[PDB]
Amino acid sequence: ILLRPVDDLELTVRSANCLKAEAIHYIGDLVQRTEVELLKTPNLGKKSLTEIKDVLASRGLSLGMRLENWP
Amino acid sequence: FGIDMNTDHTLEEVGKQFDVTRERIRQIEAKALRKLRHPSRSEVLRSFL
DNA sequence: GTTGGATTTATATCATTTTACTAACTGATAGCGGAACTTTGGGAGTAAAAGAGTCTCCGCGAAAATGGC
DNA sequence: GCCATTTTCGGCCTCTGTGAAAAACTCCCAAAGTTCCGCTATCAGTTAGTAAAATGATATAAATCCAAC
Numbered sequence: 001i002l003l004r005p006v007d008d009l010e011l012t013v014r015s016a017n018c019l020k021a022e023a024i025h026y027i028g029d030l031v032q033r034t035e036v037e038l039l040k041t042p043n044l045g046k047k048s049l050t051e052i053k054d055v056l057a058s059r060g061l062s063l064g065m066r067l068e069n070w071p
Numbered sequence: 101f102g103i104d105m106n107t108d109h110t111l112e113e114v115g116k117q118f119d120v121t122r123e124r125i126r127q128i129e130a131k132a133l134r135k136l137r138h139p140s141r142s143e144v145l146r147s148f149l
């Protein structure tokens with residue numbers, strides 16, 4: 001799952017633009033950045049963070065987890 | 101597209117049934133087709149082709 | 001013990017990005033209707049006289065339900 | 001009551017493929033079919049615009065709290 005475009009996430013265009021601001025290209029990139037790091041962003045506010053974390057929990061992989069030897 | 105109804109409709113009839121015009125209905129349909137073209141809600145319908 | 005500045009929470013207002021709803025252009029495409037033209041489809045007609053059907057087949061038997069006397 | 005002519009039946013499965021005769025033309029008229037062109041409806045594709053909602057960012061006001069005197 002960690003190898004799919006952030007496009008395949010069904011998020012509001014505001015969130016997609018904000019994620020392109022930090023050059024997040026694929027998923028998994030989004031998960032190795034915590035909530036406080038993400039929120040310090042132009043236009044990536046509260047409701048967008050709740051939406052992104054709820055969609056992440058639908059994926060089941062909330063923000064924060066670490067893995068090995070990526071990539 | 102006339103699903104669960106007795107007839108099919110153009111965008112004039114859909115526009116008259118609501119409070120809405122030609123281009124508005126055309127782009128709500130466009131938005132629906134982009135929403136359903138997303139891979140998340142299309143794997144089930146792919147098997148029907 | 002204290003107390004006041006500051007370092008945070010609390011509430012509200014402002015700016016930016018996006019949504020919801022317009023119109024105009026572009027380009028095509030299908031559908032319907034009319035005019036002309038070629039093809040198809042139905043009908044009438046033929047004036048030496050010509051003036052009684054097929055039809056091959058026909059290698060079946062036992063029993064019962066029918067007329068006719 | 002008795003001939004004497006009709007009528008009615010005769011096991012189950014499985015494969016199997018049929019083209020195989022037969023002799024008229026001619027003229028006139030109406031309607032269907034084919035094709036082309038023009039008008040009209042209907043939709044995809046794209047762009048730009050305007051008002052409003054949504055959302056985030058900043059501002060403004062206090063709570064209290066912690067350190068220094």
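Going down the list, the protein sequences come from chains A and B.
For the first sequence, this note's numbering begins at 1 and goes up steadily by one.
For the second sequence, this note's numbering begins at 101 and goes up steadily by one.
The beta-carbon is built from N, C-alpha and C at its ideal position, and this holds for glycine as well.
Taking CB distances under 8 Å as the criterion, tell me whether residue i reaches chain A.
i        : result
B/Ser142 : no
Answer yes or no: does any C-beta atom of chain B fall closer than 8 Å to that of residue i?
i      : result
A/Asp8 : yes
From this set, the options, which residue's C-alpha is nearest residue i's C-alpha?
i       : options                              : result
A/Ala21 : A/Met65, A/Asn43 and A/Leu11         : A/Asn43
A/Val13 : A/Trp70, A/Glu51 and A/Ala57         : A/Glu51
A/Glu68 : A/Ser15, A/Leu9, A/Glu10 and A/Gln32 : A/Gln32
Would you grab the beta carbon distance between residue i and residue j for me? Rounded to a whole angstrom, and I think it's under 8 Å.
i      : j       : result
A/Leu9 : A/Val55 : 6 Å
Query raised in the report: Can you list, in chain order, the residues of the segment 127-139 of chain B whose Cβ is nearer than 9 Å to any Cβ on chain A?
Result: Per Cβ criterion, the list reads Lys135, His138 and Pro139.
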